[PDB]
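Form deposited in one PDB entry, single chain, as structure tokens, below.
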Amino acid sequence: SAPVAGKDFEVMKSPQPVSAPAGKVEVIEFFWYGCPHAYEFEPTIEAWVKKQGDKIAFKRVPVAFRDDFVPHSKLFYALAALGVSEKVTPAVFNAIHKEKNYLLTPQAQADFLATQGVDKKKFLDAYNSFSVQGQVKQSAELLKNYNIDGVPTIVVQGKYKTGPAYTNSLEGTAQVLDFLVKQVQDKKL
């Protein structure tokens, strides 16, 4: 009943540096605002990340498979630079997957986010800032370092990848993620 290596998750050949502080298990979700699989997975991974608390260091990395969606990576880091990510992100997803507003340009984003209480001037500055440009370029470099081919992909301690591509279900992805983190904590992975 336990997840099968090479089937339910992938043991990476070139594991990556881990920024978690020893006690914690690192968890990275490669996601994309426009992926409906990452959209439906948002409440499941959220609640779980909060359930682990001090036991993990969770972070997200936006994925842009084509230049069309680089603004979605700039959007991710522009909101974080403002500290409004956790507040507006539910509205971002819903705008894309229910309101037929895909937020593909900085102007459309500044327009939408202003209805959510975000000052247009301050958002566009972060969007065009060199710091957000650098975070976007780094996220694309992480895509290659982690050999990410699809989303949502979850990486545990920079060694093990899982996701619906492996498990064929979001619930199965959550179960695998939970299994891997525990195996890490027990020095079995």
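Quick note: we count residues from 1 along the sequence shown, nothing fancier.
Below: the form solved in complex with a small molecule, not depicted.
Colleague: Please determine whether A91 contacts the small molecule in the deposited bound form, using a 4.5 Å cut-off between heavy atoms.
Modeller: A91 lies outside the contact set for the small molecule.
Colleague: Using a 4.5 Å heavy atom cut-off, state whether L104 contacts the small molecule in the deposited bound form.
Modeller: Yes, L104 lies within 4.5 Å of the small molecule in the deposited bound form.
Colleague: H72: heavy atom within 4.5 Å of the small molecule in the deposited bound form?
Modeller: Yes, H72 lies within 4.5 Å of the small molecule in the deposited bound form.
Colleague: Quick check on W32: any heavy atom within 4.5 Å of the small molecule in the deposited bound form?
Modeller: Although the small molecule is absent here, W32 would touch it in the deposited bound form, with heavy atoms inside 4.5 Å.
Colleague: Heavy atoms within 4.5 Å of the small molecule in the deposited bound form: which stretch in 120-128, 159-167, 142-150, 64-72 meets that?
Modeller: That would be stretch 64-72.
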